[PDB]
C-alpha cells in the first residue's frame, strides 16, 4: 500500500513525462497485481523492489524510443499506411544485420510493421521452431547478439518500420537459465515453474484438463513439471509474483533494444485453477492488463498483440473485458477471416465471408485486427467450426471438403497443399493454383490463379488494423519440398511453406512481365490505394452488406468505402441500388475472382 512511497521507489533518488504517465496508469497496474498477489505476505516487499527495478529500466530507455513514446498517438498502429510482413530472420536474410541490409526491399513494398519469428536463444536440439525459448534477454547466436538487434531496430526505424517480436510468456525451454537453476537445486527458480512432488495434485488438475499429457517427470528437479505443450517446454508459475516481475522486466529490456510490438504467445494457459480447464481464466487477462499498464507507463510506443488463434467470438476479451476494455491487448489475429477466405475461395461462396464480417466483433477504441492470408503455420480449419454449421443467411459448408480440396485429394483441384479436420500446409501461391499452373505451363490458368491470390490479399488489406503479408507471397513463391530430404526437418511438414527467400526471384519484381513482377505490382497497387484511404483507418466502422447473390461479398469501411468481391469462376454484376451506392471506383461488373474498390 501507500502510493506515494511506491511512486518514489519507481522514481528513484531524483522524469516529468514518465512520472505523469505513472500517475495516470499505475493505479490500474497496482489493482491488477493486488488481485493476483495481494494476499501474499511478501507482496509489499516484492512490489516496492520490483517498481524500483522498473523505474531504473524506464530511465535507461534510449532517447529515440522515449521520443516515440511521447509523440505516438493511441491507435497509431491502425492507420491506413500500416502494412505488415512476417518472416523468419534466417530464411529472409540469414542474420539480423542481414535483415537490416534488406530494409530497402521492405520499404519499397510499403512495409511499416515487421514480424520476425522467434529469434531469441532457443533450446538446443528440438525447439519447436524457436518457440522453446532458452533466454529472453539474448539473440540466437547464429543470428547475432543484442548489439545487432539494436542496430536492426535502429535501421528499421529509419524506414518507419516497427519490429514485432514473439514473447512466449506461458513457458520456457527446459534449458532456460531458470530451468537450469532449478535443475541445480535452486528452490527460488524451481518455484518459477509449476512443479509437484508427485502425481497427486497433477491428477486433480488433469481431471478437467484437455490435450493440445500436461505433466512431465524430470530427474534433475525430481518433480513433475507442468508441460502443456512439448515435454521440453515448462509452464511458468504466474501465480508467483517474481515470475511476473522478471518477465515484465524482460519485456521492457526487449522494448529498450527496439522491439515495438509483442506477440504474446499461449496467453490462454497463463493461469491454473483446479476444477477448470486452466484456459482463458479471468486471471490470465488480468496478467495482460498488468503487462499493458507497465507499457503504458514505461514504453507507450509499444503495442501488445494476442497470438491466440481462436474463433473470433473468443477474441473480444483480449482487448479487455468490461472495465478493462481498451486496457489490454492492442491487436488480435483475425484467424476466422483468414480461414473463411480460403474456404470461400474453394467453395466459390462469398456468403461465407459476409457471415464472418457481419458477425465480426466491433473493435474497441484504439484496438485493431491483424489480418492475414498465410503464416508459418498450417491453416487450422477448425476455427471455422461454428460458421461451417451455417445460419439463416449462409447454408452450411464442409470443412473436410475444404481441407481435401487444398490437399488436392479431390478430382478437380488447382491447389497443391498437403494435409498436416487436419490443417493444411503450403504457400498461398500453391493453394491458390499458381504452383499447379506453373507446373503445367498453363498461361490461362496462371492468370486466374494470380487473381485468386490477389483477391484474398485485397480482403486483408481492406481490414481495420495491420494486414500481414507472409514472406514471399508478394513474389508468389511456391512450396519448398526440400525439407523432405534432410532427417532434421523431414518430420516437420510445415517446412513446406517456410522457404528461404529467393533474392533472385525478388529481383524479378522489376520485370512487369514475370509472374513475380505481376503479383508484386498488383499487391503494391492495393497497398498504395489502402494507404490513401482514411476510411480504412482502424477507428472507422467495418461491416458487410447482405447481398442476394451467395457468390458475392461486399465489405464496407466507414460510410464512404465499399469493396466488392466475386468468389466464383463466372462473370457477374452487382446492382448499385443493392448496396446503396453510385460513387467512384478506385451496376458494377465483377470478373471471375475479381475485386472492386469504390468510395463516395
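Residue numbers (the entry's author numbering): 6 to 19, 24 to 221, 228 to 435, 442 to 607, 624 to 637. C-beta atoms are modelled at their ideal positions from N, C-alpha and C, and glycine is treated no differently.
Restricting attention to 417, 592, 331, 393, the CA atom closest to the CA of residue 355 is found in 417. Among the bridge pairs identified by DSSP, residue 554 is matched with none. Look at the beta carbons and you see the segment 88-104 not touching the segment 177-194: under three pairs across the two are nearer than 8 Å.
Leaving aside the five residues that flank residue 217 on each side, the residues in its chain whose CB is nearer than 7 Å to its CB run, in chain order, 290, 291, 292. Bounds of the beta strand (DSSP E) holding residue 95 are 93-96.
Within the DSSP secondary-structure output, residue 248 pairs in a beta bridge with 182.
Counting only runs of at least 3 residues, the segment 369-403 fully encloses the following beta strand (DSSP E) elements, listed from N- to C-terminal order: 383-387. Taking a 10 Å sphere around the C-beta of residue 344, we find 16 or more other C-beta atoms and assign the residue as buried.
Comparing C-alpha distances from residue 626 to each of 595, 599, 634, 384 shows the shortest one belongs to 595.
Put simply, the backbone Cα of residue 424 is about 22 Å away from that of residue 390. With a minimum length of 3 residues, the unbroken runs of beta strand (DSSP E) contained wholly in the segment 48-112 fall at 93-96. Between the segment 190-207 and the segment 123-140 there are fewer than three C-beta pairs closer than 8 Å, too few to call the two in contact. Per the Cβ contact rule, the segment 306-314 is not in contact with the segment 198-217 (fewer than 3 Cβ pairs under 8 Å). For the set 591, 364, 571, 105, the Cα lying nearest the Cα of residue 149 is the one of 105.
Counting the other Cβ atoms within 10 Å of the Cβ of residue 524 gives fewer than 16, which makes it exposed. Contact annotation: residue 319 and residue 302 have beta-carbon atoms that are not nearer than 8 Å.
About 6 Å separates the CB atoms of residue 602 and residue 635; that is less than 8 Å, so the two are in contact. Between residue 570 and residue 593, the CB-CB gap stays under 8 Å.
The C-beta distance from residue 550 to residue 607 rounds to 5 Å, short enough to meet the 8 Å contact threshold. Out of 237, 76, 269, the CA that lies nearest to the CA of residue 158 is found in 269.
DSSP lists 238 as the bridge partner or partners of residue 233.
Here the segment 232-250 does not lie against the segment 110-123, with fewer than 3 beta-carbon pairs under 8 Å apart. About 12 Å separates the Cβ atoms of residue 479 and residue 368, ruling out a contact at the 8 Å cut-off. Residue 144 sits in a strand when the DSSP states are folded into three classes.
If you look at residue 319, you'll find it in the beta strand (DSSP E) that goes 318-321. Selection 484, 267, 6 evaluated against residue 50 yields 6 as nearest (Cα-Cα).
The segment 493-500 makes contact with the segment 509-529; the number of CB pairs closer than 8 Å reaches 3 or more. With respect to the 8 Å criterion, residue 402 and residue 446 are not classified as neighbours on the basis of their beta carbons.
Cα atoms of residue 586 and residue 276: separation of roughly 32 Å, rounded to the nearest angstrom. Within the same chain, Cβ atoms closer than 7 Å to the Cβ of residue 331 are found at 376, the five residues on either side in sequence being excluded. Of the residues assessed, residue 578 falls on the buried side of the cut-off, its CB having 16 or more other CB atoms within 10 angstroms. Between residue 279 and residue 215, the C-beta spacing is not below 8 Å.
Counting the other CB atoms within 10 Å of its CB gives residue 19 a total below 16, which places it among the exposed residues.
Partner residues in the beta bridge of residue 625, as assigned by DSSP, are 595. Going by beta carbons, residue 349 and residue 492 fall outside the 8 Å limit. When the alpha-carbon of residue 359 is set against those of 637, 335, 420, the nearest one is in 420.
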